[PDB]
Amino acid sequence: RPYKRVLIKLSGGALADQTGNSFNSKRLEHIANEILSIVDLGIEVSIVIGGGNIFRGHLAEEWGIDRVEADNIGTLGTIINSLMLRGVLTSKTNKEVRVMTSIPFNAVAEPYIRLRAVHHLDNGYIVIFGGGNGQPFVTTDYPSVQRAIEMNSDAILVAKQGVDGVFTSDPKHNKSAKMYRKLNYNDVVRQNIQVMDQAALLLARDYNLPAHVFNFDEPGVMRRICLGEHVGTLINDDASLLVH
């Protein structure tokens, strides 16, 4: 469909090359351009970023840091990325971009407030959500679908980086994995498909939020999706299809 309000979910990994780590101005420029391409059509955007380029559980395990404790750390990463992204975004747009946090940091970002968030979006601002949900045991996926629904979003675009959609089985291997053009919710859980949190998926299904999994790394594809093109995978309550 032609969406008017959208929620883009970005992995923290997308902001960094893979090499050393952190940020990579070539990657931040790509991200910014892809984002501005949508807003330029007057679509209202909310962005939820992960903190993967800063902090990983790989280290929490190493020092046996309590899971709730490792999540708090990783959450701060998301706020660092949100703040960065805003810098990059402001440089290229003249639109207002607001960073809202689930852990009010104030004088760093605005404490997150729903109706305020809706308000901004309505006023045509770009809003960025940091610190996800504020809760533990959860991935970037869940909070992001939760905010999408809270913000009366039309769709959630879940940006991937090199994987062009959702496949039957991991193509990084199997001669023949096929990619879904369409994918049912219940069908994803049934065939235990491993694309996004189950909890996120369920919520999205419960509220009828559609999701698009696609290649963020490929220029233009997020615009084509918003423009109505069928690129990548669409997760719906429609009945499953499959590229040909």
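Numbers for residues come from their place in the sequence shown, where the first is 1.
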| item | value |
| --- | --- |
| Entry-level comparison of average CA B-factors, 137-145 and 99-107, reporting the higher stretch | 99-107 |
| Residue range whose averaged C-alpha B-factor is higher in the record, 121-129 or 157-165 | 157-165 |
| C-alpha B-factor winner, where the candidates are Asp206, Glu61, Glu69, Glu34 | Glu61 |
| Member of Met196, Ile49, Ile38, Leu183 with the greatest C-alpha B factor (per the PDB record) | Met196 |
| Third assignment of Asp187 from its chain's C-alpha B-factors | highest |
| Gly57 by Cα B-factor - lowest, middle or highest third of the modelled chain | highest |
| Entry-reported Cα temperature factor of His30, expressed as the chain third it lands in | middle |
| Chain thirds of CA B-factor: placement of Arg223 | middle |
| B-factor third for the C-alpha atom of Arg86 within its chain | lowest |
